[PDB]
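J.: Structure, please.
(one chain, ligands or ions: 1)
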Amino acid sequence: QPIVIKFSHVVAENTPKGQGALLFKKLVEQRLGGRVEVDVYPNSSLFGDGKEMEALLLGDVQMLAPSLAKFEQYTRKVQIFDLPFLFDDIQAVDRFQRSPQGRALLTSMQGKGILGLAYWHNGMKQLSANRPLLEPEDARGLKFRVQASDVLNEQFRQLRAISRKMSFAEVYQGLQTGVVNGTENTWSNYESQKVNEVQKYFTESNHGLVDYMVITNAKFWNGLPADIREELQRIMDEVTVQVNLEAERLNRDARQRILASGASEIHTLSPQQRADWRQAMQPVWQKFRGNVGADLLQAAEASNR
Ligand SMILES: C=C(CC(=O)O)C(=O)O
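T.: Numbers count the residues shown, from 1 in each chain. Next up is the structure itself:
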């Protein structure tokens, strides 16, 4: 009789998405009277990148919240969120997500059996490496780990660097062993996974973002009793507010803990240095302009107002 919802993810528990998954479980327990139960599998403990979606389509899991950079095998529209320097900050991405177009992207993969339920924020991305990254030319010849995204692969190729798509669980070992010597991520991801132990230099570039689309199997979700589906959506909407609030503070704490370690430095780009990094990376947009389309790019650019 109880409907079971298995929510798998790849991040540590002490994170926006980690706390969000646990909060969803808690609120379902406190409000659904045992009619729904939620199991949460963090840190790739059940499924890591890629495999998670294969499992979602098979029904081995009922809920995921993957980075918006990881949907190119289902749609090419969500690639917009990966374009470097498109969004000035999370407030901008939030505006885009709220737009009619941003809301419609939650159904962009419905024909493949994937239903989006919400956007969760994590934060802006920074750059890391074993050498200082002050000017774009510093990235040349480095090997950067990226999420499984052609946009992100091309971003570093544009900087004359090598890109290596790797699952999130593999980043630490990849950097520790030299398979990669740098990467990009939020302060939360870096500190939660202790990647600062293997990256001496960080650059607060805010050159992109890590945000998530909470997703489910359309067949499973659309097959739930209406009253339960609606209540679960209402809970999810409350959980979204909480995740979005904790994301900001968790990212600030993570930065402080990295700076306090003494084993890693952080360089903050001047507005002009940032413009130069933007100038060097923005050419990549031309490669995806066709996939995303002029309207989405217009809406995203308008979100910076
Ligand atoms: C974005 C991530 C992980 C995530 O926060 O879900 C990554 O870099 O693979």
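J.: what ranges do the helices span in the stretch 201-305 of the chain?
T.: 218-222, 226-261, 271-281, 285-292, 294-302 (DSSP state H, counting those that start in this stretch).
J.: Next, format these as CSV and append distance to residue 155.
T.: (Each C-beta comes from the backbone N, C-alpha and C, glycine too.) Listed next are those as CSV, based on distance: least, CB to CB, whole Å:
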stretch, distance to residue 155
helix 218-222, 31
helix 226-261, 21
helix 271-281, 6
helix 285-292, 10
helix 294-302, 16
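J.: Ok, which of those comes nearest the ligand?
T.: helix 226-261 (10.6 Å; CB to the nearest ligand atom).
J.: For the closest one, name the packing helices and strands.
T.: helix 16-31, helix 90-98, strand 114-129, helix 187-192, strand 201-217, strand 265-268 (3 or more CB pairs under 8 Å, 6 or more residues apart in numbering; DSSP states H and E).
J.: Dump the helices of the stretch 201-305 of the chain to TSV, plus mean neighbour count and distance to the ligand.
T.: Below are the helices of the stretch 201-305 of the chain laid out as TSV (neighbours: other CB atoms under 10 Å; distance: least, CB to the nearest ligand atom, whole Å):
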stretch	mean neighbour count	distance to the ligand
helix 218-222	15	21
helix 226-261	16	11
helix 271-281	15	18
helix 285-292	15	19
helix 294-302	15	19
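J.: So the closest residue to the ligand within the stretch 201-305 of the chain versus residue 2, what's the distance?
T.: Relative to the ligand, the nearest point of the stretch 201-305 of the chain is residue 210 (4.5 Å; CB to the nearest ligand atom). To residue 2, residue 210 is 33 Å away according to CB to CB, to the nearest Å.
J.: go on, residue 282?
T.: Remark: distance between residue 282 and residue 2 (CB to CB) = 51 Å.
J.: Compare those two and say which is more crowded by neighbours.
T.: residue 282 (15 against 10; other CB atoms under 10 Å).
J.: That one contacts residue 136, doesn't it?
T.: No. Taking CB atoms under 8 Å as the definition, residue 282 is not a contact partner of residue 136, at 11.1 Å.
J.: Can you name the residues of the chain that neighbour the ligand?
T.: Within the chain, the residues that sit near the ligand (CB under 6 Å from any ligand atom) are 10, 11, 67, 122, 147, 168, 185, 189, 210.
J.: Buried subset of those as a ChimeraX selection?
T.: If you want just the buried ones from these in ChimeraX, going by 16 or more other CB atoms under 10 Å, the selection is:
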select :10,11,67,122,147,168,185,189,210
